[PDB]
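Participant: Before I ask anything, let me first share the structure, which is written out below as structure tokens.
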Amino acid sequence: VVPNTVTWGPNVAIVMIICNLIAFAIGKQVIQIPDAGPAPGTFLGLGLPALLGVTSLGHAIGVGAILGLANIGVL
Amino acid sequence: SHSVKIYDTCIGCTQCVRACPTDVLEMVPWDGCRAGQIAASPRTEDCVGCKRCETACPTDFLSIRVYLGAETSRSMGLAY
Amino acid sequence: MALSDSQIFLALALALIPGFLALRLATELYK
Amino acid sequence: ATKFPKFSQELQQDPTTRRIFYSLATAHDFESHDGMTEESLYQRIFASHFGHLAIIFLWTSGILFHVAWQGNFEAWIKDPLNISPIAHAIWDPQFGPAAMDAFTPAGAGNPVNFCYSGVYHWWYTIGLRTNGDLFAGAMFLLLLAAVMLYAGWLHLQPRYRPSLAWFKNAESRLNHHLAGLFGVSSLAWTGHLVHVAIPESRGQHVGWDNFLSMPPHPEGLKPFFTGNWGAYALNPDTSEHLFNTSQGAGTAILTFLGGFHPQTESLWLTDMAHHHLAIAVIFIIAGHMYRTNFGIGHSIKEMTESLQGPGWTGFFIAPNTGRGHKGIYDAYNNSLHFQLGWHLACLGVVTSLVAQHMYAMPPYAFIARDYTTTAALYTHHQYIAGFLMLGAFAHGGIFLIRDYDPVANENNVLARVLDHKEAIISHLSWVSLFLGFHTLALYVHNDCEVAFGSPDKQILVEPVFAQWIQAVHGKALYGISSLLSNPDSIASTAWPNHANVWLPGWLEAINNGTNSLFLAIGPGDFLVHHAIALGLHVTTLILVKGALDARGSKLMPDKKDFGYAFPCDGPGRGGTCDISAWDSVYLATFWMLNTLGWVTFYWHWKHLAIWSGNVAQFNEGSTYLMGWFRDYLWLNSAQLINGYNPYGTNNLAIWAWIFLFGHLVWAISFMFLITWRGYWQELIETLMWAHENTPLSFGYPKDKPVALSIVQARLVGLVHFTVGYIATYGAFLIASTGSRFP
Amino acid sequence: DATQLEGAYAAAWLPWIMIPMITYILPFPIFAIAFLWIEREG
Amino acid sequence: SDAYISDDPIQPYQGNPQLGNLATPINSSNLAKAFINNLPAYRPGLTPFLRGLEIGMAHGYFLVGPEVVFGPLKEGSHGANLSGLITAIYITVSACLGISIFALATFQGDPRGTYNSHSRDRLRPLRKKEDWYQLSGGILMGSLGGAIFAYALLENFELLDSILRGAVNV
Ligand code: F6C
Ligand code: CLA
Ligand code: CLA
Ligand code: CLA
Ligand code: CLA
Ligand SMILES: CCCCCCCCCCCCCCCC(=O)OC[C@H](COP(=O)(O)OC[C@@H](O)CO)OC(=O)CCCCCCCCCCCCCCC
Ligand SMILES: CC1=C(/C=C/C(C)=C/C=C/C(C)=C/C=C/C=C(C)/C=C/C=C(C)/C=C/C2=C(C)CCCC2(C)C)C(C)(C)CCC1
Ligand code: SF4
Ligand code: SF4
Ligand SMILES: [Ca+2]
């Protein structure tokens, strides 16, 4: 009835990190990057706004991917 | 129309001109061979493409070549 | 089980998309 | 001047009926078109390729749609040995009720056609179980054809037309085709085979509603990530496994059994999934060899231009080849005719491989027992392969006419084979003459011995080399304990490794004398193999001679200035009929058709004698030519030509009609092939007189009636000969097999 | 049994009209359109 | 600044931006023009009678059907086909009476509007009253014939059905 969904184990932290790094890989190709604010470009290219946006999209992708993989047995 | 080309191996024997059924060819002065003549093809709009001129040529290889081209009502030999 | 009339009419209506895409490609290739 | 054709001003000025015929047979020759640049040529070819893929997808969609709407797919999966698959329905209003009854089987309410393409077996082996599955596949392919059409239209738009440097990229394309058209596609096919095909083979239904639910293996991606991959080859399907049911089933998804499933007599689906996976990995690896824009990789051009000279850094397996392969990369890459004639040779070898492999190792369930389907599929692909091999040499000649550069190819391999072309042609001529004299004389001696009442005095030569190659694979049919026939040999045991886990399954199949995998061969096989050798050699003689003499010979030194197709060079110099390089592909089409006739006649009679149980009919009857005439052509014609008789019509009536239709078309060919142009031009002149002088006949030809040209009528007669030759044999092979073995 | 053409399949009235259209109703218009296309003048 | 400085899909009609029309894909593409300009109303060279004849044939043919299916006589085949036939006949005769009186009222001296001699309407090419009378006669002939052809195909639907099923080959 409900889509499985596991708790949290090293397998869940891996998927949440591999999805946060894919977010960093694709978020290097944005425009108006390193937009000062705080730590203007002190996050390997990205500033603090861009790091927070990349990690927020990474968390979103991670929650979606983790719940999908937990639904279908793989996780 | 067909393209009839005459090359410098021509010897001015006139046999291509005599063999033409449609009068495409004539002889012009040359001083490039000892006959003093070379064939020419001005009325090549009349050429049917029978290649009798090429059969009549004695030089090896031929000093006259016919290249069959765009077909008109004259080169197709049509009386209708 | 066998196909329905609506399944045949779906096919007939959906093949109008390659049917007019093919005419567009034929006229774009310029006869 | 008409506006048609828009691609040639010279054909618009044509006042005769020749321009309509020459606008149809020069329409796809984009190179010789008005105002054609190289870039515009490549772009037009790209869009034409897209429209072609759209036609292929629409064709497959239509096949799927007609089996799903008018076939008996769901009724045939219940018993795929005693039910004839149905192609589609007949709606000929001209049938009498006797033909409506003849084309209606027991389980059908309308006239239908029996399918002989084998798509039922293929769709049943890959998971498709219902008419809804077939309809979904058909609608997907309809939409995919629409996608290909939109892609082709899109890449003709100015912002989207690729540049010429993109089309010349021979390193990026090879990487993406090796890894991504051959690798990723085969990896996806392995994915389907373990997610749909193998589960549905065991009885579980997997669709686009429960495939995310159902795992392909009980331990889902646990053995793969952990590294223990041998778990996927554990618990395979047992010998007493019944296809599409769970009785005898296993759980393995990638296993390497070898041989055949003993109940479907086909290749194992675990073996095919493992195959496509081991192919996908190797092809994804191979698509990483050439550099595109990441620094790492090879350059193909630097590899080819490095085969110039002697030494270990140079071309050492033939150091006396001059400039070696310098200019060969540019001959390949710049010439689209070189590429097309090269790729047609590759595809024509692969299509013959397809034909030679799918009868000996049947890949689909119960297709070895559909005899007419097996015969039709083999003959289909062997004729397609012969045509592809004919077009390979056609475009090899067209390259040497149009794109060959004698200075860019100065003293390399291509210019080095053009130099000594008389040695190649005379040695093909010698092999052809030797094979022909000996094979014909052996057959005629056997005819004269059998006719004079001495079948024992026939010259019967055994194919001892091929019988020995049958023995080195593990055939105990003869007394040759060779490599895999010897059970404790170095090849059989794999001494350090003992990992040939294919050996018992493969020797269960090769020794099984009921399949087609390495059929038993005798004296009647040796002669027909020598006839096939003669046929391939003479076809190669004609094609090689016309390709190498394309640029000019001693009879016409400047033949490259006249083109690829031209009638002749007149009646001078003795006469120059059929002197062009196009006329060699013309003259070799007859020999290709004859050779494939010999090939398919051999295959069909060999298999008819095997399937009937009377293999001695082909054995002691194929060594002389009256046995071929009488026990094959005359004997297996009695059911076909009685398809309609003065007493009634059975369902072989269309095959009898198409048999006669092919005879008619083949005979009509000889009119274009024997009678030549001037006869018909004078006849048409009398007809023009008759029409202008008849009252009440108000029509008049806008374009002047002329006889078909010399090259045109050669092509027309060849097309007729081909169409009638294919129709006659297709009607005979479907009816001589579908009647004996319904 | 079979005194006339039948269809034991869905929308079996579609051959009844599709075979006339594809084979002897629309072809002569298509032939006329193609003839007018190949005989039009510049 | 941007007013006809960039090149867009929508152009002025006939290159004239002060005309009251636009060149859109529906009135100016090659497919739309190839279809419309070759319709009998616009096909080049045709006499008005042949234009009208083909228009009428096509029109009287389909005008039979709505009353055959939906009319007051629809409960019975024979009466339904007759009601459709006479509906097509009446609509044809009314439409052709209208064509005749349009030509009678319009072409009086130099006409007003699109049939004036100075008119530039490309979409109305029957400039003479003789064209309009030949059109009226042709539309009448063709439409009455197409109506009775549809009527004859619907009356013999039992025969046309047995023919197209091969039931006549017994
Ligand atoms: C239209 C136009 C025209 C006209 C008018 O108009 C005509 C006419 C004549 C007369 C005069 C005579 C007589 C008649 C008879 O008897 O016979 C029949 C035939 C036919 C064909 C018939 C025809 C008719 C028409 C065609 C009708 C039409 C139909 C419809 C229209 C169709 C439809 C269309 C759609 C679109 C498809 C004739 C003839 C001859 N043809 Mg002759 N035509 C013509 C066309 C054509 C073409 C295309 C071709 C190619 C194929 C040819 C061919 C021929 C030959 C081989 C010969 C002969 O032998 C003959 C003779 O010479 O004597 C002596 N020719 N023609
Ligand atoms: C004699 C050799 C031969 C044989 C046995 C076949 C057999 C087959 N072909 Mg074919 N084919 C051939 C030569 C042959 N082909 C050649 C040389 C070409 C290149 C033009 C083709 C191109 C072709 C196409 C496009 C298709 C096939 C298809 C088929 C399959 C279904 C038709 C059938 O059941 O049987 C009957 C076999 C006959 C030869 C009957 C005679 C009909 C005559 C030949 C019509 C003349 C047209 C032309 C010459 C070739 C048409 C072949 C095809 C339409 C049957 C069948 C396995 C169909 C398929 O793939 O199924 C899914 C299909 O769509 N083939
Ligand atoms: C190319 C594949 C293909 C082929 C060879 C056929 C062949 C046939 N069809 Mg079929 N059809 C197809 C695809 C195909 N169909 C698809 C994808 C659909 C779903 C829309 C249909 C829907 C359909 C219906 C409703 C009917 C047929 C019928 C028929 C039969 C009579 C001819 C006819 O009425 O045409 C009718 C065709 C259509 C209504 C649509 C055709 C759309 C296809 C994709 C056009 C293909 C164009 C092709 C790729 C271009 C080739 C270029 C040229 C060189 C040949 C005939 C055996 C009749 C029948 O069953 O006889 C008993 C019938 O009435 N077909
Ligand atoms: C991964 C990326 C990718 C992929 C998938 C493709 C795919 C394709 N390209 Mg492309 N290309 C790419 C990248 C890619 N390309 C790049 C980066 C460039 C720039 C250098 C190009 C430049 C390019 C050009 C210029 C052209 C293509 C063309 C094609 C098509 C030709 C092959 C074909 O027709 O289908 C079929 C081939 C296969 C399915 C694999 C064949 C393997 C063998 C022969 C068959 C498989 C064997 C097996 C037994 C089959 C059994 C199946 C049976 C049971 C049904 C094809 C769809 C041609 C095209 O335009 O088409 C529109 C073409 O002209 N490409
Ligand atoms: C990938 C495959 C492929 C491609 C793209 C080409 C492409 C080309 N070839 Mg070709 N070729 C091929 C394979 C291929 N070939 C094969 C397999 C053969 C051997 C049969 C040939 C032998 C060949 C020759 C000898 C020539 C070409 C030529 C050409 C060029 C122009 C073709 C043309 O005129 O337009 C269109 C032509 C047609 C539309 C003719 C169609 C009629 C054909 C011949 C038969 C039709 C079947 C019939 C109607 C079935 C009806 C039966 C039934 C209804 C009763 C073009 C670049 C010509 C060239 O390059 O000029 C220098 C040239 O002379 N080819
Ligand atoms: C398959 C189902 C039944 C088939 C019936 C229809 C068959 C095709 C009829 C041809 C009419 C097209 C006339 C174009 C008229 C037109 O727009 O002319 C465009 C072009 C030349 O036009 P011009 O540039 O001269 O245009 C100038 C004038 O229009 C005004 O300036 O002609 C062509 O491209 C010929 C190539 C078409 C080749 C068609 C083959 C492609 C198959 C298409 C499949 C159609 C399916 C449609 C239904 C889904
Ligand atoms: C736009 C379009 C469309 C549509 C079309 C349509 C709309 C249709 C139709 C149609 C129609 C609507 C047709 C028709 C017709 C007709 C006919 C075919 C006629 C006829 C007739 C007749 C033949 C008559 C006769 C007669 C006479 C005249 C006299 C006396 C009587 C009689 C009867 C004898 C579509 C989308 C599809 C696509 C393409 C384009
Ligand atoms: S081909 Fe014939 S017509 Fe032409 S120039 Fe030569 S001889 Fe004269
Ligand atoms: S026949 Fe030849 S050599 Fe003699 S004049 Fe003519 S072209 Fe010259
Ligand atoms: Ca009523």
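Identifiers in the structure tokens: chain A, B, ... in order shown; residue index from 1 per chain; ligand index from 1 in order shown.
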Write out as a tab-separated table a residue-level contact list of chain E versus chain D with cut-off 9 Å: for each qualifying residue the closest pair of atoms and the distance in Å to one decimal, counting only C-alpha atoms, rows sorted by chain and residue number upward.

Facilitator:
residue	atom	partner	partner_atom	distance
E:1	CA	D:101	CA	7.6
E:2	CA	D:101	CA	6.0
E:3	CA	D:97	CA	5.4
E:4	CA	D:97	CA	6.6
E:5	CA	D:91	CA	6.7
E:6	CA	D:110	CA	5.3
E:7	CA	D:110	CA	5.5
E:8	CA	D:109	CA	5.3
E:9	CA	D:70	CA	6.2
E:10	CA	D:69	CA	7.0
E:15	CA	D:91	CA	6.5
E:16	CA	D:91	CA	7.7
E:19	CA	D:91	CA	7.4
E:37	CA	D:4	CA	7.2
E:38	CA	D:4	CA	5.3
E:39	CA	D:2	CA	6.3
E:40	CA	D:2	CA	5.6
E:41	CA	D:2	CA	3.9
E:42	CA	D:3	CA	5.0

Participant: With the cut-off set at 12 Å and counting only C-alpha atoms and all ligand atoms, tabulate each residue of chain F with an atom at most that distance from an atom of ligand 7, showing the nearest atom pair and its distance in Å to one decimal, ordered by chain and increasing number, as a Markdown table.

Facilitator:
| residue | atom | partner | partner_atom_place_in_ligand_line | distance |
| --- | --- | --- | --- | --- |
| F:31 | CA | ligand 7 | 40 (C) | 10.5 |
| F:32 | CA | ligand 7 | 40 (C) | 9.9 |
| F:34 | CA | ligand 7 | 40 (C) | 11.0 |
| F:35 | CA | ligand 7 | 40 (C) | 7.6 |
| F:36 | CA | ligand 7 | 1 (C) | 9.3 |
| F:38 | CA | ligand 7 | 40 (C) | 11.6 |
| F:39 | CA | ligand 7 | 1 (C) | 10.2 |
| F:53 | CA | ligand 7 | 28 (C) | 8.5 |
| F:54 | CA | ligand 7 | 19 (C) | 8.0 |
| F:55 | CA | ligand 7 | 16 (C) | 9.1 |
| F:56 | CA | ligand 7 | 19 (C) | 8.3 |
| F:57 | CA | ligand 7 | 19 (C) | 4.5 |
| F:58 | CA | ligand 7 | 14 (C) | 4.0 |
| F:59 | CA | ligand 7 | 12 (C) | 5.9 |
| F:60 | CA | ligand 7 | 19 (C) | 7.7 |
| F:61 | CA | ligand 7 | 16 (C) | 5.3 |
| F:62 | CA | ligand 7 | 12 (C) | 5.0 |
| F:63 | CA | ligand 7 | 12 (C) | 8.4 |
| F:64 | CA | ligand 7 | 12 (C) | 10.4 |
| F:65 | CA | ligand 7 | 12 (C) | 10.5 |
| F:85 | CA | ligand 7 | 33 (C) | 11.6 |
| F:138 | CA | ligand 7 | 28 (C) | 10.2 |
| F:139 | CA | ligand 7 | 28 (C) | 10.5 |
| F:140 | CA | ligand 7 | 28 (C) | 9.9 |
| F:141 | CA | ligand 7 | 28 (C) | 6.6 |
| F:142 | CA | ligand 7 | 28 (C) | 5.4 |
| F:143 | CA | ligand 7 | 28 (C) | 7.6 |
| F:144 | CA | ligand 7 | 28 (C) | 7.0 |
| F:145 | CA | ligand 7 | 28 (C) | 3.6 |
| F:146 | CA | ligand 7 | 21 (C) | 4.0 |
| F:147 | CA | ligand 7 | 24 (C) | 7.3 |
| F:148 | CA | ligand 7 | 33 (C) | 5.1 |
| F:149 | CA | ligand 7 | 33 (C) | 3.8 |
| F:150 | CA | ligand 7 | 20 (C) | 7.4 |
| F:151 | CA | ligand 7 | 33 (C) | 8.3 |
| F:152 | CA | ligand 7 | 33 (C) | 7.1 |
| F:153 | CA | ligand 7 | 33 (C) | 9.1 |
| F:154 | CA | ligand 7 | 33 (C) | 11.8 |

Participant: For the residues in the current selection, export C-alpha atoms as a short mmCIF file (atom, residue, chain, number, x, y, z; two decimals), in the first residue's frame.

Facilitator:
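What follows is the written file result12.cif:
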data_model
loop_
_atom_site.label_atom_id
_atom_site.label_comp_id
_atom_site.auth_asym_id
_atom_site.auth_seq_id
_atom_site.Cartn_x
_atom_site.Cartn_y
_atom_site.Cartn_z
CA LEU F 31 0.79 23.79 -49.34
CA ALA F 32 -2.17 26.08 -48.65
CA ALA F 34 -1.23 24.58 -53.86
CA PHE F 35 -4.49 23.26 -52.42
CA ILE F 36 -6.62 26.40 -52.78
CA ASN F 38 -6.06 24.29 -57.71
CA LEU F 39 -9.58 24.05 -56.36
CA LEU F 53 -19.64 21.59 -62.79
CA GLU F 54 -16.95 20.20 -60.51
CA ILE F 55 -18.04 22.39 -57.57
CA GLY F 56 -21.59 21.15 -58.02
CA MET F 57 -20.67 17.47 -58.36
CA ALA F 58 -18.71 17.61 -55.10
CA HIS F 59 -21.48 19.56 -53.38
CA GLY F 60 -24.61 17.76 -54.43
CA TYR F 61 -22.87 14.53 -53.52
CA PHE F 62 -22.38 15.24 -49.83
CA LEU F 63 -25.61 17.20 -49.35
CA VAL F 64 -27.69 14.03 -49.64
CA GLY F 65 -26.33 12.46 -46.43
CA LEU F 85 -32.11 13.63 -52.55
CA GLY F 138 -22.59 24.38 -64.24
CA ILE F 139 -23.23 24.29 -60.48
CA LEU F 140 -26.87 23.44 -61.15
CA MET F 141 -26.04 20.64 -63.59
CA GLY F 142 -23.22 19.19 -61.53
CA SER F 143 -25.04 19.46 -58.22
CA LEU F 144 -28.25 17.86 -59.42
CA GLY F 145 -26.20 15.08 -61.00
CA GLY F 146 -24.02 14.54 -57.93
CA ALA F 147 -27.11 14.47 -55.73
CA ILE F 148 -28.75 11.80 -57.85
CA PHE F 149 -25.45 9.87 -58.02
CA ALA F 150 -25.31 9.78 -54.22
CA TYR F 151 -29.00 8.85 -54.21
CA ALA F 152 -28.40 6.00 -56.67
CA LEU F 153 -25.48 4.70 -54.63
CA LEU F 154 -27.58 4.80 -51.46
#

Participant: Which residues of chain E come within 9 Å of ligand 6, and what is each one's closest atom pair and distance in Å (one decimal), counting only C-alpha atoms and all ligand atoms, sorted by chain and residue number, as CSV?

Facilitator:
residue,atom,partner,partner_atom_place_in_ligand_line,distance
E:21,CA,ligand 6,3 (C),8.0
E:22,CA,ligand 6,3 (C),6.5
E:26,CA,ligand 6,5 (C),6.9
E:27,CA,ligand 6,5 (C),8.2
E:29,CA,ligand 6,9 (C),8.9
E:30,CA,ligand 6,9 (C),6.3
E:33,CA,ligand 6,10 (C),7.4
E:34,CA,ligand 6,10 (C),8.1
E:37,CA,ligand 6,32 (O),7.9

Participant: Would you mind listing, as a PyMOL selection string, all residues of chain A that have at least one atom within 8 Å of chain D, where only C-alpha atoms are what counts?

Facilitator: chain A and resi 72-74

Participant: Just the residues within 7 Å of residue 412 in chain D, please, counting only C-alpha atoms, with nothing from its chain fewer than 3 positions along; format it as a PyMOL selection string.

Facilitator: chain D and resi 321-326+409+415-416

Participant: Could those residues be written to a file, using N, CA, C and O atoms, as a compact mmCIF listing (two decimals), in the first residue's frame?

Facilitator:
# COMPACT_ATOMS: atom_id res chain seq x y z
N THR D 321 55.03 -2.12 -50.56
CA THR D 321 53.75 -1.55 -50.99
C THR D 321 53.86 -0.04 -51.16
O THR D 321 52.84 0.66 -51.15
N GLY D 322 55.07 0.47 -51.32
CA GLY D 322 55.26 1.85 -51.73
C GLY D 322 54.90 2.81 -50.63
O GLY D 322 55.51 2.81 -49.55
N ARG D 323 53.89 3.63 -50.88
CA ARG D 323 53.41 4.57 -49.88
C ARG D 323 52.40 3.96 -48.93
O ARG D 323 51.84 4.67 -48.10
N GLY D 324 52.16 2.65 -49.05
CA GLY D 324 51.32 1.93 -48.11
C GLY D 324 49.89 2.41 -48.06
O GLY D 324 49.13 2.22 -49.00
N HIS D 325 49.53 3.05 -46.95
CA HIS D 325 48.17 3.48 -46.69
C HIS D 325 48.05 4.99 -46.61
O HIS D 325 47.10 5.52 -46.03
N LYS D 326 49.02 5.69 -47.19
CA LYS D 326 48.98 7.14 -47.24
C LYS D 326 47.95 7.58 -48.27
O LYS D 326 47.99 7.15 -49.42
N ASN D 409 46.44 9.48 -54.02
CA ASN D 409 46.68 8.05 -53.85
C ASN D 409 47.89 7.61 -54.65
O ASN D 409 47.89 6.52 -55.19
N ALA D 415 46.23 2.51 -55.48
CA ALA D 415 46.86 2.81 -56.78
C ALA D 415 47.78 1.65 -57.19
O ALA D 415 48.10 1.55 -58.38
N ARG D 416 48.19 0.81 -56.23
CA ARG D 416 49.09 -0.34 -56.50
C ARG D 416 48.27 -1.54 -57.00
O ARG D 416 48.87 -2.39 -57.68

Participant: Enumerate as a ChimeraX atom specification the residues within 8 Å of ligand 3, counting only C-alpha atoms and all ligand atoms.

Facilitator: /C:8-16,18-19 /D:54-63,65-66,70,88-91,138-139,142 /E:11-19,21-23

Participant: Those residues you just picked out, can you put them in a file as an mmCIF file, in the first residue's frame with C-alpha atoms?

Facilitator:
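File produced: part-v8.cif:
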data_model
loop_
_atom_site.group_PDB
_atom_site.id
_atom_site.type_symbol
_atom_site.label_atom_id
_atom_site.label_comp_id
_atom_site.auth_asym_id
_atom_site.auth_seq_id
_atom_site.Cartn_x
_atom_site.Cartn_y
_atom_site.Cartn_z
ATOM 1 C CA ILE C 8 -8.146 0.894 -34.334
ATOM 2 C CA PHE C 9 -9.391 4.496 -34.491
ATOM 3 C CA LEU C 10 -6.624 5.583 -32.107
ATOM 4 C CA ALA C 11 -4.147 4.029 -34.538
ATOM 5 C CA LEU C 12 -5.795 5.756 -37.491
ATOM 6 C CA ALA C 13 -5.749 9.160 -35.790
ATOM 7 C CA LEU C 14 -2.230 8.763 -34.398
ATOM 8 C CA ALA C 15 -0.767 7.812 -37.786
ATOM 9 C CA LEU C 16 -1.805 11.235 -39.083
ATOM 10 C CA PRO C 18 3.816 10.612 -39.201
ATOM 11 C CA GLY C 19 1.528 11.079 -42.204
ATOM 12 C CA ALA D 54 10.988 6.547 -40.503
ATOM 13 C CA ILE D 55 9.934 4.179 -43.302
ATOM 14 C CA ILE D 56 11.578 1.242 -41.481
ATOM 15 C CA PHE D 57 9.773 2.087 -38.230
ATOM 16 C CA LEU D 58 6.457 2.540 -40.065
ATOM 17 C CA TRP D 59 6.950 -0.855 -41.721
ATOM 18 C CA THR D 60 7.638 -2.590 -38.403
ATOM 19 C CA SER D 61 4.693 -0.745 -36.839
ATOM 20 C CA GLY D 62 2.441 -1.990 -39.632
ATOM 21 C CA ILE D 63 3.605 -5.579 -39.185
ATOM 22 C CA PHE D 65 -0.479 -3.676 -36.109
ATOM 23 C CA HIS D 66 -1.628 -6.331 -38.552
ATOM 24 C CA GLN D 70 -5.825 -9.618 -37.938
ATOM 25 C CA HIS D 88 -3.073 -10.260 -42.043
ATOM 26 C CA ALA D 89 -6.507 -10.513 -43.653
ATOM 27 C CA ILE D 90 -7.537 -10.720 -47.297
ATOM 28 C CA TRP D 91 -9.981 -8.159 -48.688
ATOM 29 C CA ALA D 138 3.079 -0.678 -32.900
ATOM 30 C CA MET D 139 1.961 2.657 -31.453
ATOM 31 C CA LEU D 142 4.407 4.869 -35.097
ATOM 32 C CA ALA E 11 -13.619 -2.192 -37.222
ATOM 33 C CA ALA E 12 -14.123 -4.712 -40.001
ATOM 34 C CA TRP E 13 -15.981 -2.106 -42.060
ATOM 35 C CA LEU E 14 -12.618 -0.404 -42.637
ATOM 36 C CA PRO E 15 -11.291 -2.759 -45.378
ATOM 37 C CA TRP E 16 -14.650 -2.292 -47.139
ATOM 38 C CA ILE E 17 -13.884 1.387 -47.758
ATOM 39 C CA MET E 18 -10.033 1.438 -47.472
ATOM 40 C CA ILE E 19 -9.422 -1.000 -50.345
ATOM 41 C CA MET E 21 -9.794 4.333 -51.687
ATOM 42 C CA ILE E 22 -6.218 3.056 -51.781
ATOM 43 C CA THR E 23 -6.640 0.996 -54.932
#
